[PDB]
Amino acid sequence: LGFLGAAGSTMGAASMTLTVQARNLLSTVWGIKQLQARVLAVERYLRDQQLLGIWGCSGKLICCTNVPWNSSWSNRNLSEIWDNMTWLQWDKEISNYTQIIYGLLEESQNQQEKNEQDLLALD
Amino acid sequence: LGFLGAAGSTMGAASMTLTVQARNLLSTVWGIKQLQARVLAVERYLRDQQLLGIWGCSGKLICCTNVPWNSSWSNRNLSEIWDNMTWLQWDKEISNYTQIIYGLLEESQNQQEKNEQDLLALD
Amino acid sequence: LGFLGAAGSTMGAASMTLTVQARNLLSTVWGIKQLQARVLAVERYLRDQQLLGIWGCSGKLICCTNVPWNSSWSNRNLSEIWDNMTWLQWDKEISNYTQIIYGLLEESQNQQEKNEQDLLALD
Amino acid sequence: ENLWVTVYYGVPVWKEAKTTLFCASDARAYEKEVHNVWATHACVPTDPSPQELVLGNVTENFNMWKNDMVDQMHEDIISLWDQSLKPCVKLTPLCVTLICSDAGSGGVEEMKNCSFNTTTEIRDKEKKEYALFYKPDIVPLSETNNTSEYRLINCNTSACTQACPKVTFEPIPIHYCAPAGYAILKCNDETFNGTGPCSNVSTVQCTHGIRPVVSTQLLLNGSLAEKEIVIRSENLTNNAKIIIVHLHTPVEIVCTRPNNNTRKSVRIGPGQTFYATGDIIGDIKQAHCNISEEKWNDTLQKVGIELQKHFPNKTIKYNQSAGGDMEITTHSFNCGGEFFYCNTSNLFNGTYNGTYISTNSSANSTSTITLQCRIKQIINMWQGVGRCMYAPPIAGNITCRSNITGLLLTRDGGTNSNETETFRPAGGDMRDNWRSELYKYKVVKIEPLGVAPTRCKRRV
Amino acid sequence: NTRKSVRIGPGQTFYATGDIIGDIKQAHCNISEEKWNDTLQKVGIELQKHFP
Ligand SMILES: *[C@@H]1O[C@H](CO)[C@@H](O[C@@H]2O[C@H](CO)[C@@H](O[C@@H]3O[C@H](CO[C@H]4O[C@H](CO)[C@@H](O)[C@H](O)[C@@H]4O)[C@@H](O)[C@H](O[C@H]4O[C@H](CO)[C@@H](O)[C@H](O)[C@@H]4O)[C@@H]3O)[C@H](O)[C@H]2NC(C)=O)[C@H](O)[C@H]1NC(C)=O
Ligand SMILES: *[C@@H]1O[C@H](CO)[C@@H](O[C@@H]2O[C@H](CO)[C@@H](O)[C@H](O)[C@H]2NC(C)=O)[C@H](O)[C@H]1NC(C)=O
Ligand SMILES: *[C@@H]1O[C@H](CO)[C@@H](O[C@@H]2O[C@H](CO)[C@@H](O)[C@H](O)[C@H]2NC(C)=O)[C@H](O)[C@H]1NC(C)=O
Ligand SMILES: *[C@@H]1O[C@H](CO)[C@@H](O)[C@H](O)[C@H]1NC(C)=O
Ligand SMILES: *[C@@H]1O[C@H](CO)[C@@H](O)[C@H](O)[C@H]1NC(C)=O
Ligand SMILES: *[C@@H]1O[C@H](CO)[C@@H](O)[C@H](O)[C@H]1NC(C)=O
Ligand SMILES: *[C@@H]1O[C@H](CO)[C@@H](O)[C@H](O)[C@H]1NC(C)=O
Ligand SMILES: *[C@@H]1O[C@H](CO)[C@@H](O)[C@H](O)[C@H]1NC(C)=O
Ligand SMILES: *[C@@H]1O[C@H](CO)[C@@H](O)[C@H](O)[C@H]1NC(C)=O
Ligand SMILES: *[C@@H]1O[C@H](CO)[C@@H](O)[C@H](O)[C@H]1NC(C)=O
Ligand SMILES: *[C@@H]1O[C@H](CO)[C@@H](O)[C@H](O)[C@H]1NC(C)=O
Ligand SMILES: *[C@@H]1O[C@H](CO)[C@@H](O)[C@H](O)[C@H]1NC(C)=O
């Protein structure tokens, strides 16, 4: 499947297709407009890569972070989320809470890296 | 050495020169061309790095995958390939089957990541 | 604390502030200059990232490399180096021997990768 | 017991380098629906939180006479001044001989009638029109003693381009910002001579509000000093280096004008029209400027008592410039789209012999210094590559209630055994104002990579 | 003589040929004889490889 093969499919079945939607992010009168759009696409991909790498999840598609999830954010059972819902309604009802989640991931990565350098220096 | 030092040597001797060759991938009328060339050099490097990053071989010059090697692609022995064949005609021979290999590495990486996720969430 | 927190401090005192000094590497007539500065920032970040990524220290501060330190570069003990001298004049006296050091780390990393290749293929 | 190479990311080391810079402006200047302020709308909006980090215990060399920010500022102002006149009206058919005479009503000195003829929408028919051109914009071409043939001044050299009647020449502040991987070192020393070491250097993303005013001799709106008057010079020995005086207490300066009629619209082709001076309703009065007397007197006295530091056994003196044309010998500036060229003979008439004369009289603030002058319309700034502008007139009366911040002086040829050398106001190139504004800053490139020998060894 | 400067507009001045001081001589070119002869001879003897 090419563009958006599982944009409405099963949540548990949409985790087998993240590669094809991530493989294609880069592939005078109009000598400046396409240049600006192409540089903007490059910085969009680079911002995404740096935001992945800032919490220790670079080069790995599905990465895991040890920070917990509060009950005031979603309060919904996992089984019917992963077997009934889609991605679009999740982005509809979670996107207002994303900044504090990103801050929590950044703080957890900072704590993990500081324990790592403390363990490396103490040994 | 320099620009493609082992460009025609033995296959085995060309595996210890990857660092000194991959390092040079980024290093008015005549102002548009220079900027366009610089941008397309960034395009080619980011495409190559992303393609390495899809199948879990990011930041590694030599990486191993667990996909089986079909004998119909080459039908050749290992010893004379690694001690007698230059990279150029090898890439000429395998050029008819590169997309199948790329898709197989992509599928193997996704399947391996799903098995790792199942094993890690089992605990 | 953003740019240059301890730019004139002790060598050993600058080790604990590395996590806050290198955080902002990416965060008509006056449209061309903006485009050129934008592309130049992309070039600087990608060159820095790949040059840190050749010798196996991608996404890791204070990286240790097994290449031996030749005595013809500094010939002075590490005690007063790490508790007496700032970064700037040390960079002034080390700048004549940077390419040989970069080649030595590149060769050491590639030999390490080939050793790991032979070790994993021995099983 | 041995040493191994360890790579460090985030090393704070500097390298001197040159690069292109951004543009930053406040968000309040984008609300105007008419394109103005010579295209200062494409800059990125600056953040409402200025970040300034002070460096701990480091010193840094500084040199403002050899700087890259001043040259880039000058080239940016030159190119953006040349870019804003591209879709404007061209004054090609205004090279016709002007049959000029004095007006019948009144005297109306410094203006002439200068009625001409111009083409209509038909290339065959031509019609007569009239205007009121200024005296310095009119050159008497002559082959005999003819007192009626006159022509336009800029039809002899080059250009002939009108300014568009929708832009403004007000000095909106701009900030020059370095890209990622670069920083700006700023020296906060109050006694900064201009070249040498600095011990309170601070890293800065980008500068404060820089006002790109156009001025000669005296300096208009700008940042003040910190503690006292500060004097800058390149060598302070030769007589060819323009010496800059940076003030601390500003002196109020105002400038006025009489009343014109309107902008008379004359058509010189299909769609292309120009606005000239029509009649004059009212009386004829001189366009002058006013400066407070005692503020100028004790400001020049403070400049004297601190300029006597470098010449301890000598007295200083002031007079006018050493001759020349109109554009160099006069303090010239802009207000409301109208250009002013005024002599400063009444402002530089004095001397200081080493004795302070106080002025303790609160009831004698009535006395002021007046500067009488004329107004040009055809503009030849930048001393070349300027693309000469025809500034359209302004209907109502205009006022230039402003602030003064600096002086541009120049020494004379000192004779042998002289103790009463004089200082004169200076013109020169436009780089001196921005060099007096960009004294604090130096662009620099940070290198976040380094190597060091450690006791750590990687796992085999 | 010089560039005779003729002005045909506001700043658009061109330069034409002015006078001529002296006699009138023809602008010529010179090539050495034996060098050109043996150069063309070498061209012939090497071009004879493709034509027997
Ligand atoms: C140094 O610093 C001084 C101090 O700011 C600057 O002086 C200012 O100059 C600007 C012009 O660039 C002046 O702005 C003009 O003010 C005129 C009078 O304003 C009064 O009247 C209007 C109503 O007519 C009121 O709204 C206002 O509050 C005042 O009560 C206006 O008539 C001008 O309008 C022009 O511009 C607009 C916008 O483009 C056009 O639509 C109009 O048609 C017209 O062309 C203009 O707004 C400002 O008043 C001056 N300040 C002071 C305190 O007087 C110097 O310019 C600056 N630089 C130098 C080199 O000296
Ligand atoms: C400049 O000269 C013109 C004529 O060449 C004057 O225009 C005349 O003004 C009188 C006003 O009494 C009219 O009666 C005429 O019809 C006008 N003649 C025209 C328009 O061709 C003009 O007034 C003069 N300028 C000034 C300032 O007086
Ligand atoms: C056309 O412009 C030239 C300048 O390139 C004028 O030449 C000088 O102009 C000044 C200003 O009036 C005079 O004082 C000089 O005497 C002029 N000559 C020289 C040799 O410097 C020239 O006069 C202009 N044409 C006319 C007719 O005035
Ligand atoms: C001066 O530099 C030293 C560097 O060892 C530093 O420890 C000290 O704090 C500095 N002094 C001040 C006042 O910052
Ligand atoms: C200007 O042009 C008109 C054309 O209508 C002509 O009659 C007249 O003689 C010309 N000259 C002057 C000085 O008006
Ligand atoms: C250096 O400049 C800063 C600017 O905020 C000032 O607060 C500080 O006092 C200065 N340092 C000294 C030693 O005066
Ligand atoms: C300019 O300065 C240099 C060094 O500061 C000095 O040698 C030279 O004499 C100065 N120039 C003049 C004209 O005095
Ligand atoms: C200014 O220069 C002129 C030029 O000769 C000179 O005569 C005069 O004495 C100087 N000083 C004053 C105050 O005018
Ligand atoms: C300025 O004023 C002086 C003194 O009255 C006068 O001599 C001079 O002609 C005036 N104009 C200029 C352009 O200097
Ligand atoms: C300067 O001031 C003196 C005394 O105040 C006065 O006599 C003289 O006219 C003024 N102007 C010049 C150009 O000397
Ligand atoms: C000149 O314009 C100003 C606008 O600030 C106005 O206050 C003043 O009354 C005007 N002058 C006259 C003589 O009306
Ligand atoms: C000029 O001085 C006056 C009086 O001190 C002040 O109100 C005004 O803001 C100053 N101008 C600028 C541009 O700061």
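- This entry, as listed in the PDB, derives from cryo-EM and reports a resolution of 3.8 Å.

**Observations regarding the overall build of chain A**
Then comes step 1: For chain A, the count of helices and strands is five helices and zero strands.
Then comes step 2: Mapped from its N terminus to its C terminus, chain A presents α and β elements in the order α-α-α-α-α.
Then comes step 3: Radius of gyration (C-alpha) of chain A: 19 Å, far over the 14 Å computed for a compact globule of 123 residues.
Then comes step 4: When the backbone C-alpha atoms are referred to their principal axes, chain A occupies close to 60 × 45 × 25 Å.
Then comes step 5: Among the 123 residues that make up chain A, the fraction classed as buried is 20%.
Then comes step 6: For chain A, the accessible surface area stands at approximately 9,100 Å², while carbon and sulfur atoms represent 55% of it.

**A word on the site of ligand 3**
Then comes step 1: The local shell around ligand 3 consists of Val139, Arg151 and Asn156 of chain D.
Then comes step 2: Separating an oxygen atom of ligand 3 from a side-chain N or O atom of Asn156 of chain D is a distance of 2.3 Å.

**Some points on the side chain of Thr410 of chain D**
Then comes step 1: By the element assignment, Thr410 of chain D lies in strand β32 (residues 406–411).
Then comes step 2: Beyond its immediate chain neighbours, meaning those up to four positions away, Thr410 of chain D contacts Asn239, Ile242, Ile243, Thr422, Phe423, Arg424 and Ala426 of chain D.

**Side note on the sheet that holds strand β29 (residues 378–379) of chain D**
Residue and element names in this part refer to chain D.
Then comes step 1: Overall, mixed pairing links the three strands, which are arranged β13-β30-β29 in an open sheet. Edge positions in the open sheet fall to β13 (161–162) and β29, since each of these has one partner strand only.
Then comes step 2: Sheet analysis places β29 next to strand β30 (residues 389–390), joined by two bridges and oriented antiparallel. Bridging across to β30, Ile379 finds its partner in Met389.

**Quick look at the packing of aromatic side chains**
Then comes step 1: Taken as a whole and assessed by the stated rule, the structure comprises 18 aromatic pairs over all chains.
Then comes step 2: Between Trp82 of chain C and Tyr8 of chain D, the aromatic rings sit 5.8 Å apart at their centres with planes inclined by 55 degrees, giving tilted as the arrangement. Taken together, the residues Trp82 of chain C in helix α3 (residues 78–84) and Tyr8 of chain D in strand β1 (residues 4–15) connect one chain to another. For the pair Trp82 of chain C and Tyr8 of chain D, a shared accessibility class is recorded, and that class is buried.
Then comes step 3: Consider the rings of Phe333 of chain D and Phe340 of chain D, whose centres lie 5.6 Å apart with planes at 35 degrees: the pair is tilted. Comparing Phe333 of chain D with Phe340 of chain D shows no difference in burial state: the two are buried.
Then comes step 4: Three or more aromatic residues link up through ring pairs in this structure, and these residues are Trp81, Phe169, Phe339 and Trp382 of chain D.

**A word on helix α1 (residues 68–83) of chain D**
All names here are of chain D.
Then comes step 1: End to end, α1 covers 22 Å across 16 residues, agreeing with the expected 22 Å (1.5 Å per residue, within 8%).
Then comes step 2: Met69, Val70, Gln72, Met73, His74, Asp76, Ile77, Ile78, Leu80 and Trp81 are the residues of α1 that are buried.
Then comes step 3: Its side-chain oxygen 2.7 Å from the backbone nitrogen of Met69, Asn67 forms the N-cap of α1.

**Focus on the state of the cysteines**
Then comes step 1: Applying the stated criterion across every chain, the model contains twelve disulfides over all chains.
Then comes step 2: Put simply, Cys64 of chain C and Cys456 of chain D are joined by a disulfide, and their sulfur atoms are 2.0 Å apart. Negative torsions about the S-S bond denote left-handed disulfides, and the value of about 115 degrees found for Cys64 of chain C with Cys456 of chain D makes this one right-handed. Of this pair, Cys64 of chain C sits in strand β1 (residues 63–68) while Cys456 of chain D is found in the segment after β34 (441–454), placing the two residues in two different chains.
Then comes step 3: Accessibility expressed as a relative area gives 12% for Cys64 of chain C, which makes it buried.
Then comes step 4: Judged by its relative accessible area of 27%, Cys456 of chain D is partly exposed.

**Structural notes on the sheet that holds strand β23 (residues 287–292) of chain D**
Strand pairing within a sheet occurs via backbone hydrogen bonds; the two strands may be parallel or antiparallel.
Residue and element names in this part refer to chain D.
Then comes step 1: Read from one edge to the other, the open sheet built from four strands follows the order β28-β23-β20-β31, with strand pairing classed as antiparallel. Of all the strands in the sheet, just β28 (368–373) and β31 (402–403) have a single pairing partner and so form its edges.
Then comes step 2: Bridge count for strand β20 (residues 252–255) against β31 is two bridges, and the pairing is antiparallel. Counterpart to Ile253 in the pairing with β31 is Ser402.
Then comes step 3: Contacts from helix α2 (residues 293–307) reach β23 and β28 within the one sheet, and its direction differs from that of β23 by about 60 degrees.

**Structural notes on the arrangement of the chains**
Then comes step 1: Sorting the five pairs of chains in contact by contact count puts chains C and D at the top.
Then comes step 2: Taking C-alpha atoms only, the smallest gap left between chain A and chain D, which are not in contact, amounts to 9 Å.
Then comes step 3: Separated without contact, chain A and chain E have their nearest C-alpha atoms at a distance of 28 Å.

**Re the pairing of strand β1 (residues 3–7) of chain E**
All names here are of chain E.
Then comes step 1: Sparse coverage of β1 is indicated by the burial of zero of its five residues.
Then comes step 2: As judged from the five bridges shared by β1 and strand β2 (residues 13–17), these two strands associate in the antiparallel manner. The partner of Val6 across the bridge, within β2, is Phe14.

**Re the interface of chain A and chain C**
Then comes step 1: Taken together, the contact between chain A and chain C spans seven residues of the former and eight residues of the latter.
Then comes step 2: Broken down residue by residue, the surface that chain A buries against chain C is led by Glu43, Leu46 and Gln50 of chain A, which jointly contribute 47%.
Then comes step 3: Across the contact surface, chain A and chain C share zero salt bridges.
Then comes step 4: Remark: the boundary between chain A and chain C carries zero residue pairs in polar contact.
Then comes step 5: Here the side of chain A that touches chain C takes six residues from helix α2 (residues 33–53) of chain A, the largest share from any one element.
Then comes step 6: In the side of chain A that touches chain C, the residues fall into three nonpolar, three polar and one charged.

**Digging into the pairing of strand β25 (residues 331–335) of chain D**
Residues and elements named next belong to chain D.
Then comes step 1: Counted residue by residue, β25 has five buried out of five residues, so it is predominantly covered.
Then comes step 2: With burial as the criterion, each face of β25 is covered, one bearing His331, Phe333 and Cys335 and the other bearing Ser332 and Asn334.
Then comes step 3: Summarising the sheet, β25 and strand β26 (residues 338–342) pair through five bridges and their orientation is antiparallel. Its bridge partner lying in β26, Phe333 is registered against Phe340.

**Let's talk about the interface of chain C and chain D**
Then comes step 1: Listed as interface residues are 50 residues of chain C and, on the opposing side, 51 residues of chain D.
Then comes step 2: Approximately 5,200 Å² of surface area, both sides summed, lies buried where chain C meets chain D, with 68% of it carried by carbon and sulfur atoms.
Then comes step 3: When the buried area of chain C at its contact with chain D is split by residue, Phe3, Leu4 and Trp30 of chain C rank highest and sum to 16% of it.
Then comes step 4: Where chain C meets chain D, there are two salt bridges.
Then comes step 5: In this assembly, chain C and chain D are joined by eleven residue pairs in polar contact.

How each quantity is defined
Residues numbered from 1 in each chain as written, not as in the entry; some residues may be left out. Chains lettered and ligands numbered in written order. Part of a larger assembly, values for the part shown. Heavy atoms only, no water. Helix = DSSP H or I, 4+ residues; strand = E, 2+ residues; numbered from the N terminus. Rg over C-alpha atoms; globule rule 2.2 N^0.38 Å. Buried < 20%, exposed > 50% of the residue type's maximum accessible area, 1.4 Å probe, protein only. Areas by Shrake-Rupley, 256 points an atom, 1.4 Å probe, with all protein chains shown as cover. Near = heavy atom within 4 Å. Polar contact = N/O pair within 3.5 Å; in protein donor to acceptor, adjacent residues only side chain to side chain. Contact = heavy atoms within 4.5 Å. Pairing = 2+ DSSP bridges. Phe/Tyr/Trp six-rings, centres within 6.5 Å; stacked < 30°, edge-to-face > 60°. Expected span 1.5 Å × (residues − 1). Disulfide = S-S within 2.5 Å. Axes fitted to C-alpha atoms, helices over the stretch in contact; angles between N-to-C directions. Buried area = accessible area lost by both parts, 1.4 Å probe. Salt bridge = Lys/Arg side-chain N within 4 Å of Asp/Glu carboxyl O. Nonpolar A, V, L, I, M, F, W, Y, C, P; charged D, E, K, R; others polar.

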